[PDB]
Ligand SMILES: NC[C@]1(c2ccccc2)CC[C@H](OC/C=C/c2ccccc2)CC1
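Only one chain is given next, in structure tokens, and it is the form solved without the named molecule.
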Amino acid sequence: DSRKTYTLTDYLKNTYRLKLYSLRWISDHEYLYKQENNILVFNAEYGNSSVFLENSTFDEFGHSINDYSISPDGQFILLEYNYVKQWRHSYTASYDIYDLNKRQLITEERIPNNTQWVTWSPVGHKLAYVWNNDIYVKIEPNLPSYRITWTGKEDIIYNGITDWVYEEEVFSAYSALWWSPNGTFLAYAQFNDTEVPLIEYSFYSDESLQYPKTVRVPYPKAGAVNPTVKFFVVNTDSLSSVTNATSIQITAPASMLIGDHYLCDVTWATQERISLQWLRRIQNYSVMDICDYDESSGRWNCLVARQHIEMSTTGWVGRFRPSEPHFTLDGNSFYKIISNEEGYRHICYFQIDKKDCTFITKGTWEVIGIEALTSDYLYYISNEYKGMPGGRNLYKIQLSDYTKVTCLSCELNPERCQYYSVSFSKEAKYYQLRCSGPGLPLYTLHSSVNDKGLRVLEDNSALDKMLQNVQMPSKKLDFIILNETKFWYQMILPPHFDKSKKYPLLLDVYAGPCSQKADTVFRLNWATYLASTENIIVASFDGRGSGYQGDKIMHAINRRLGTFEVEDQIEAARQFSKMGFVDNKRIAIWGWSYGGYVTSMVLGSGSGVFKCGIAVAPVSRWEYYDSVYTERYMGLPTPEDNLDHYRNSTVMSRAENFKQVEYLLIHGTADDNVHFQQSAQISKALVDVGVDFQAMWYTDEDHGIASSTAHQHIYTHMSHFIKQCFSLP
């Protein structure tokens, strides 16, 4: 054996890059793929291409265009420059509209600088943008903007944008603007954070800054006042400069109004029908209101009969939040993913006039998501193939005959692709199946008309040839029967693996509620380096609390976080140790966020199975985390509700047992998700008891700690600790 190993340098410097083919379906037959800084239009059926915009077009722009947005009409394009990131999704940027017919930059009534969000109408060239927490609408790109809201304020009234809590948990986005299917109406949400308490952390900026800046973010910790959401809808077609626009408010269902409620999701059904999903602060009761517009009163009305209530007594409602409904063209019938009586999520045909729901799919698998609803077929990704919870394959079901279900990707390349994803065209005429593993990522375009594979867009052939030279580690995904239940685990076995020889084992852990750490995706990460060079088996286990395996396993840790999942990881290590190739004296664990919470808990468990551990940005007490996430799985922190578990599930409590393990606590000073407070309290507890541990603070670094320099430094420091603890060279 005389080949190079995957070194940390290769990982940090991204020497081996996984080519990807990302396209934008502008039509049912054409998509826009950016090549050599040139936007190109590709006919899906023929396969030919044409230059939509030459790089020279914006070479004289004078600014670096971060991203572009083609108007549905295709007569205009948005240019994003001066991109400034805020949180995971939130950002501010300047925008310049470019005419694609006159080949000229719009210079009059330009979108203002620091625009928080900008969106084209679903059809046409209307532009709605949020500036200074305020919503403006430009009916024509070259015409003056029309201001809709006037109550926008910073860290108080968010109009059209989402506050930290909603952006990171409820909507998973920074956009609260929902255009009507033809762009007649614009649905928006007004979040009020007047009462939500502020988390205050210090920012040191650059060396030039003399006095540090304090950053205050409206952040509702478990039990703290949550934000108030108010939904609104405005007729954009009636927008006038003479008078302000009028926004009709759709009130929440009375059940939600009794107490704190959340607007989980907003989905347009027809040009005059909208579906609002509300969920009470106690996330075990959710009502969907199919509201329609009444022409006579010009006001949207929600029929109590059409309302659909989904309650869960076993645990929380939804994997992370109520799913999205896929209405039919008529809009009087919709398909949604609901949990079956057995406890496995499946598609359920729904009619707006019948509260009864008819499940169209059933089994011990789980419908991961609905991709497209054509008048004849509904396409969904599922983990049914080979009963593998970590597999994703495309399936289509005849709407008229539900019994006729056909797999579309299961038997394409079974050896190389088992985790598939899909992006259909405007009318689902053509779809791009993208496989992420277990082999190299493969991107292929197919035609729904005859389910025929038109061509292969990307095959990662060059990377494959380069990876032949390096001694890449192998990945093993199997299951261990615990309490007569199959719990799957993945193991990145080192190259030239010998079962007889005993190798050190690092248990990468997350164990988040409804999370999967054992899948079939090819990933070039730090574990690849650890297994290839340091020869460390990197393993991950999905125990009670893991998702894609049913409500029973997912809702097992309900109202008891830091209990079953922590125990399962320790039991996993014991099973892994007795397999025969694991050095019992050298077993470690590492995790990020919830993984850090579990990593700390297992190290302080006093089990004696683990020797050392690295907790990065770890959660210490659940009363320091946001309300939406914590209250969903731990309930309210009140003396009459799980207050005991809230206090019994703190890492600080197990500090005395940390004296038997080596601990590395890494955290970013400017973390908005898991505040540095949580890491700080862990350190204080260990210092008080006298536990000796290593720590590393990264100044002005967020939860991701992904700044090139910090990313390299964090993994370099972690590599040193793991090697030192494992007594490796």
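Counting begins at 1, following the sequence as shown.
Keep in mind that the form deposited with the named molecule bound is missing from the display, and what follows is about it.
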Sole residue of 179, 629, 278, 98 within 4.5 Å of the named molecule in the entry with it bound, by heavy atom: 629
By the heavy atom within 4.5 Å rule, which residue out of 530, 135, 619, 602 makes contact with the named molecule in the entry with it bound? 619
In terms of non-hydrogen atoms within 4.5 angstroms, which of the given stretches 455-463, 593-601, 429-437, 471-479 touches the named molecule in the entry with it bound? 593-601
Residue 406: touches the named molecule in the entry with it bound, heavy atom cutoff 4.5 angstroms: no
In the entry with it bound, residue 88 touching the named molecule (heavy atom, 4.5 Å): yes
Using a 4.5 angstroms cut-off on non-hydrogen atoms, would residue 685 count as touching the named molecule in the entry with it bound? no
Taking the shortest heavy atom distance, is residue 666 within 4.5 Å of the named molecule in the entry with it bound? no
For the stretch 310-328, I need every residue with any heavy atom inside 4.5 Å of the named molecule in the entry with it bound, listed N to C. 320, 321
